[PDB]
Number of protein chains: 2
Amino acid sequence: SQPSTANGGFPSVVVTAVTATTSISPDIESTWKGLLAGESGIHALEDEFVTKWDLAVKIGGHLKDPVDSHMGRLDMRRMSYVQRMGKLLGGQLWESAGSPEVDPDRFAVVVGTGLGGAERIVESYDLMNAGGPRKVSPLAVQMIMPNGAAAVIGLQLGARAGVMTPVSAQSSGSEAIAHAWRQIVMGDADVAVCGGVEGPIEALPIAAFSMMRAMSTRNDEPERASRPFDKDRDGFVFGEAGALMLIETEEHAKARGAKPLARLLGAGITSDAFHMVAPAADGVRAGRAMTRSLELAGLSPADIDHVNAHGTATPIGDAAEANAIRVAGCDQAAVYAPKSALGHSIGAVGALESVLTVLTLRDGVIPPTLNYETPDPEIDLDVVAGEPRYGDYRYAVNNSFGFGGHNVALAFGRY
Amino acid sequence: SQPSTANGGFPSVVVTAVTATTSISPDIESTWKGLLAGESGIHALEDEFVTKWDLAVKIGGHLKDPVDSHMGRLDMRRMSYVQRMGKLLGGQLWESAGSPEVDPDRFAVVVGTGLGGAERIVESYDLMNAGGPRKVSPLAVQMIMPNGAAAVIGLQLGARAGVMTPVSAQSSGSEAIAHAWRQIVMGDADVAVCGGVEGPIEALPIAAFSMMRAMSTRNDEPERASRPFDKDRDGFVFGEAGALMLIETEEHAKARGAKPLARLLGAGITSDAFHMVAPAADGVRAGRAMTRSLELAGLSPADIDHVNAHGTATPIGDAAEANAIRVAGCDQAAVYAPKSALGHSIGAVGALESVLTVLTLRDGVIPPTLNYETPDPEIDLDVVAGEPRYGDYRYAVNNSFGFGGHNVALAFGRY
Ligand code: NA
Ligand code: NA
């Protein structure tokens with residue numbers, strides 16, 4: 001018989017702490033209550049690079065509390081933005097967990113990102129062109145390497161059982177956590193800090209995503225633009241985030257008297273082999289990922305009460321994911337799509353949405369999916385909307401999919 | 001009794017085909033032959049950006065046969081460099097394995113890289129600065145995304161059991177092979193194309209790496225510059241490469257009639273939590289990676305006949321690595337350092353060197369480490385040199401270490 005969490009095959013792994021910075025708040029708890037009050041982080045873009053380039057997208061969600069307003073002249077010179085965000089959340093998370101003294105030989109870190117420290121690439125490039133090789137920072141390399149944030153967090157908190165950085169574009173935050181759960185259940189570690197980081201909204205990233213027609217242009221109502229599964233959706237809205245969580249065996253937590261917020265039960269990772277940016281319309285492979293997170297957890301489709309959807313709010317994207325949920329036998333679960341209020345944080349998004357899945361299992365509630373005003377016939381899912389819905393949610397799947405056809409599903413439980 | 005490969009805990013995994021392009025040959029069997037004949041792939045840099053930027057480093061090993069000389073006008077505009085390298089090697093490896101017909105849903109891809117399609121970032125940046133947002137191509141995100149090369153190979157070959165990209169700098173290509181094994185013995189896959197690809201020697205990469213002052217500046221004698229474990233080493237040499245290997249269950253391979261070139265038995269991934277770019281002096285966490293690989297393969301250190309050494313030819317790296325080999329208790333092993341001849345390929349190197357470890361095992365011979373002319377006392381390793389060294393090699397560890405504090409060790413065995 002194949003091992004699973006349920007049959008004692010895998011060690012029990014629990015979530016003991018979470019941390020996030022959102023367009024709604026620097027505090028995950030304030031964001032949670034903000035989401036439950038039906039609030040949106042999406043505002044009008046006020047950065048002068050908007051009119052300057054007369055961008056077709058003029059809305060989005062900046063962090064409520066700027067990362068760099070916590071960052072010294074040394075950090076600003078020595079780190080890239082993701083590395084700085086990494087330090088912040090990495091710092092904030094450890095205190096939240098009581099600042100545990102762990103055996104770092106049993107302590108890993110896994111944090112994904114969309115690109116890494118890309119501002120440092122263009123800077124180093126501008127400088128070399130104007131003043132040559134000597135103008136390049138001796139720290140250019142470590143600031144640019146996309147494993148930069150993870151390495152910073154590993155060094156910062158002291159992890160010596162591996163610092164890993166999975167990249168799969170928009171599912172990097174989920175895959176980050178899925179690999180942290182593997183390192184643990186395979187005997188490589190006892191505890192791990194995991195999640196995803198990502199950079200702030202800028203001109204170049206808007207242009208690149210706009211030129212694919214992937215982004216909403218409902219500029220005149222910033223808070224109505226992001227409409228996952230709504231019949232009138234027209235693409236995603238940028239919504240800056242960063243998120244981390246602490247996971248450890250249920251016995252490691254027990255020992256240090258740590259109260260688990262939820263359980264991480266299993267992880268599924270598949271691929272489409274279909275298109276470089278378009279999701280496979282049939283949802284089969286994405287649905288296989290959900291199934292696979294279930295098999296490792298020892299749960300059946302019927303067991304799943306909630307589904308935190310990727311829900312980017314694009315026509316083919318939300319439609320492909322509706323099919324995915326039906327292949328997985330999970331179309332009778334209560335569905336929520338956080339991007340309705342928090343936008344798309346690319347590499348961070350999956351990890352932020354994983355913390356929301358955990359807060360749903362802890363608190364027994366699902367926030368309303370914003371802007372869900374016209375059910376799309378093709379979708380046909382139980383989209384929680386209008387009000388927060390309460391129930392004894394016991395099992396949930398967090399979904400995330402990236403460009404390259406990456407499908408990451410995480411099985412969660414209530415502690 | 002925890003699972004090992006020897007005790008039955010894990011499925012048996014075999015390497016059934018390999019492919020590599022280097023500074024010596026576009027052909028892995030001809031690179032091997034020249035490496036044994038005592039060939040260097042390093043030469044004088046004749047690119048005009050060399051004089052233009054007056055760079056302190058004017059030596060490196062360009063690819064014997066340029067990737068773009070095999071790429072049409074279509075591929076040249078729809079892919080970044082590393083995507084185009086991966087397409088070439090993916091298709092080269094596939095045929096070398098016989099163009100197998102495998103279950104797509106049990107077929108995975110894990111390829112590591114240093115940063116991704118970075119040339120496309122600076123191109124899109126120049127384009128926008130010069131003609132605005134609509135001068136960014138709709139294909140830029142898929143060309144830039146760090147997972148791009150792996151996605152391209154997964155689309156190309158049809159990998160629907162996961163397409164992953166681990167990034168850990170210089171160990172990226174080793175860690176990818178690590179994660180494919182994991183992926184198979186965890187039962188998410190039965191066959192996996194895996195390794196690393198990397199971009200070419202270019203002006204801005206040289207500038208950035210020599211600003212850290214860790215590059216050899218021995219431009220008068222390109223072939224004698226990369227001197228790992230030599231007392232008179234002065235930093236690393238760029239040597240271009242990309243490489244892939246095909247792994248599968250011994251059962252999957254027997255059922256299609258593939259001849260295993262070696263076995264993949266285990267892997268260990270740890271981290272130093274010491275410095276952002278420098279390895280830990282004591283080599284402890286690094287040795288621990290090696291140790292972890294043996295614990296999983298079911299081997300004692302006394303069984304390891306040969307260590308394929310990261311051996312970057314920097315003072316502190318070689319010094320730290322020798323200590324890790326003693327921590328691992330593998331100091332009686334025959335040590336080869338391939339960078340002495342083929343140079344450093346960053347994201348691709350650990351994969352290239354994993355392929356070499358397989359040819360050592362298969363052909364029961366080790367090539368000479370070039371330039372090893374003065375034994376450095378502190379080092380104290382049995383380094384192969386002068387002439388290749390034949391012998392009865394049954395097991396071997398391949399070491400890869402990366403900026404950010406990463407240590408990857410892979411345990412291989414003769415089939
Ligand atoms: Na989600
Ligand atoms: Na090596």
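Protein chains get the first letters and strands the later ones, always in sequence-line order, with residue 1 at the start of each.
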Heavy-atom contact with chain B under 4.5 Å, split by part of [X]:
X	value
A:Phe49	neither
A:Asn129	both
A:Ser137	backbone
A:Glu175	side chain
A:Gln83	side chain
A:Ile144	side chain
A:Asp126	side chain

Taking every heavy-atom pair that is under 4.5 Å apart, which of [options] has the most such pairs with chain A?
options	value
B:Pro205, B:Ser271, B:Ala56, B:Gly187	B:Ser271
B:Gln156, B:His275, B:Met186, B:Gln2	B:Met186
B:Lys52, B:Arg213, B:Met145	B:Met145
B:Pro166, B:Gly405, B:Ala161	B:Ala161
B:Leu296, B:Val167, B:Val277	B:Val167
B:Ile206, B:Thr113, B:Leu115, B:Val109	B:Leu115

Enter the distance from A:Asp272:CG to B:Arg160:CZ here, rounded to the nearest 0.5 Å.
-> 8.0 Å

At what distance, to the nearest 0.5 angstrom, does OH of A:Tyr125 lie from CD of B:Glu119?
-> 11.5 Å

Side chains of [X] and [Y], heavy atoms from C-beta outward: is any pair under 4.5 Å?
X	Y	value
B:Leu139	A:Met211	no
A:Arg288	B:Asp105	no
A:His406	B:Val163	yes
A:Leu204	B:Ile121	no
A:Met276	B:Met79	no

B:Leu55 versus chain A, the contacting section by heavy-atom distance below 4.5 Å |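 Just the side chain, heavy atoms under 4.5 Å.
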
Looking only at non-hydrogen atoms, find the nearest pair between [X] and [Y] and report the distance.
X	Y	value
A:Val141	B:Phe209	CG1-CE2, 3.8 Å
A:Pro133	B:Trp53	CG-O, 3.2 Å
A:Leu155	B:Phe274	CD1-O, 3.1 Å
A:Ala203	B:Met128	CB-CE, 3.7 Å
A:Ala159	B:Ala273	O-CB, 3.6 Å
B:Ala208	A:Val136	CA-CG1, 3.8 Å

[options]: which one forms the most heavy-atom pairs within less than 4.5 Å of chain B?
options	answer
A:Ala207, A:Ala214, A:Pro138, A:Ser124	A:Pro138
A:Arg292, A:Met164, A:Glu295	A:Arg292
A:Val122, A:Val185, A:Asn407	A:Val122
A:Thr165, A:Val284, A:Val152	A:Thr165
A:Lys135, A:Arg134, A:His179	A:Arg134

More than 12 heavy atoms from other groups under 6.0 Å of NZ on A:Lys58 | yes

Check: A:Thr270 main-chain N/O paired with B:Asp188 side-chain donor or acceptor under 3.5 Å = no

